[PDB]
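Listed next as structure tokens: two forms of one protein chain, kept apart as structure 1 and structure 2.
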Structure 1
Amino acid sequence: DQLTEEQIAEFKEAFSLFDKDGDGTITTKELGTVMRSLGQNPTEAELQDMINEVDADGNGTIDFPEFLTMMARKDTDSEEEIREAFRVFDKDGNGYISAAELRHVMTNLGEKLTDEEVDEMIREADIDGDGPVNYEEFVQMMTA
């Protein structure tokens, strides 16, 4: 890509928001205050899950360098994983999911998106009339 810009300035303010006390580290409590603030009710299981995925070493908290690494992130590899996750609902594995099936798993299981996000999502792939949605289209539209 490019050398990070004045986004340095942006990401540090963002790290500021979780780092309530300025100790240059973000803890599960600190992430938990922010999320509940947002009306979310995460488990001390979930917080530790998020924390571990960005703690490069293992001091069990996030410093700013790790934070930067996280907000600066994978060629085709991250593309292939989503492309796989769709293939799990590709019944025949043709390469198309139905709009109804897509809508259904999107609304009814996993993170249970809302009816009006599925709409934005089906609408971002201009379906060939009433046709089945090509999800490889989706995945390129997403990553690029």
Structure 2
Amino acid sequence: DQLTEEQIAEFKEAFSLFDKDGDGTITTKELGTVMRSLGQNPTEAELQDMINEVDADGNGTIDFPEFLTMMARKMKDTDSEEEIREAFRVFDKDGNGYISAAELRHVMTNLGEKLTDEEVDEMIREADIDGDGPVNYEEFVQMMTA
């Protein structure tokens, strides 16, 4: 099926987050650094397992063709619940079941998104369906669904 230049560019940008030194491969060391910056604390075994799951030629790192194969295949799946749950956990780093403005700002800055403070407020507000302030899981699911 179609994989446009724009779609590949989006997947390259996702790759580039993990490729911290820009050399074209994701290492276990880089994977753990990013995952900790995103509020998680995986063990060494868990990181190597993740590398091994994507590393199709077994040389110990993930290159972009390997990454693209994995992402393009997942894109064909009609159900995105697991990916949305994982995305929620990245934002909800204290695990209390809702995303605050501070938590959204934190992810924003880590990804280099350069939103203004008013823009941070706006993203939270536009996702806050029930109007109580922060973004809960149901609100996050509804926003992230295609």
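One-based numbering along structure 1's sequence throughout. Only residues modelled in both forms are compared. If you superpose the two forms and keep the largest set of C-alpha atoms that fall within 1.5 Å, you have the rigid core.
For the residues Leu113, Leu68, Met35, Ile51, superposed on the rigid core between structure 1 and structure 2, a C-alpha shift of 2 angstroms or more shows up only at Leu113.
Here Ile97 counts as shifted, since its C-alpha moves by at least 2 Å between structure 1 and structure 2 after the core is aligned.
In a rigid-core overlay of the protein, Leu17 has its C-alpha displaced by under 2 Å between structure 1 and structure 2. For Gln7, the Cα shift between structure 1 and structure 2 is 0.7 Å when the rigid core is held fixed in the overlay. Identified as moving between structure 1 and structure 2 on the superposed core are the stretches 1 to 5, 74 to 144, each made of at least three consecutive residues whose Cα atoms shift by 2 Å or more.
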